[PDB]
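Below, in structure tokens: the form deposited in one PDB entry, a single chain.
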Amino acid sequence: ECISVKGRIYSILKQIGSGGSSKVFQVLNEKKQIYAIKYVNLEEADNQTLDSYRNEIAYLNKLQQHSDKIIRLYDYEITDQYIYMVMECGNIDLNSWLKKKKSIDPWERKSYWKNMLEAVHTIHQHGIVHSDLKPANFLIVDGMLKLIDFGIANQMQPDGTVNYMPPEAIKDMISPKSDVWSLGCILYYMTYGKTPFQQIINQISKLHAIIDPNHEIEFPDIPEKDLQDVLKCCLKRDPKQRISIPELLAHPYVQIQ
């Protein structure tokens, strides 16, 4: 403690997560209000790294107005030495919140989906495919879920999963559909209290089972029938037959009643 951004001044409560060359702190301002300041040290970074940071602020900045399911950015500061991002602070990141709760209320799981849908929808409209969606990328604030990063800059962890990795990702060694899958696996996890491949732990065989057509996934018949359809359409292995976000936003699960 403590941090100084564009004239304003903040004291550091906790360290939420770490990069990267980056650190996220939960942060208190003068008026006892809570915030999230991400700090990037730019001393040990090449032009490829630097430019991905500049691209991140640009897009976070740009997308402010287009959806209230993108983490708010209040102000920022960039020099040749450092970057600070003053953002809204979340209650709990979806990952840890899914770990804590045993069963999820349906009306609450549908609301988080609409929310996950709107966010991802928004980035796609500005030509961004996350490519690496995980519940760690989402956050709860004032009822809603909110996307926090864009897969543009290097991912951070709390202070290395592949459950959600799409089949076409690993098969190629650029498609909106890749996000649809990962959103599916998240919805799956919220539905069947597990990711679809949680059973396996050996990577070389897990990454192999994601892509394996012979490896059939379970969809235990559940009350909400719309929901069972979304998961199926979402977790098709073939990108071109997998449901799209616009389709997914027109689906009876999100639309009926």
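Note that the rigid core is defined as the largest set of C-alphas that superpose within 1.5 Å between two forms. Sequential numbering from 1, following the sequence displayed.
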item	value
Unmodelled residue 155 in at least one third of other entries with both flanks present	yes
Size class of the missing deposited segment between residue 159 and residue 160	10 or more
Unresolved deposited residues lying between neighbours residue 173 and residue 174	10 or more
69-77 versus 94-102 - which carries the larger mean C-alpha B factor in the record	94-102
Mean C-alpha B-factor comparison - 192-200 and 58-66, higher one	192-200
Among 118, 179, 108, 149 - the residue whose C-alpha B-factor is largest in the record	108
Of the residues 37, 230, 207, 40, the one carrying the largest Cα B-factor as recorded	207
Third of the chain, ranked by Cα B-factor, where residue 250 sits	lowest
Third of chain Cα B-factors occupied by residue 131	middle
Entry-reported Cα temperature factor of residue 222, expressed as the chain third it lands in	highest
Residue 153 - which third its CA temperature factor falls in, relative to the rest of the chain	middle
Relative C-alpha B-factor of residue 85, binned into the chain's lowest, middle or highest third	lowest
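The same protein also exists as the form deposited in another entry; that form is not shown, yet it is the one meant from here on.
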query	finding
Flagged residue of 33, 203, 199, 61 - C-alpha shift reaching 2 Å or more between this form and the one not shown, core superposed	33
Large Cα shift (2 Å or above) at residue 240 between this form and the one not shown, core-fitted	no
Rigid core superposed: residue 12 CA moves 2 Å or more between this form and the one not shown	yes
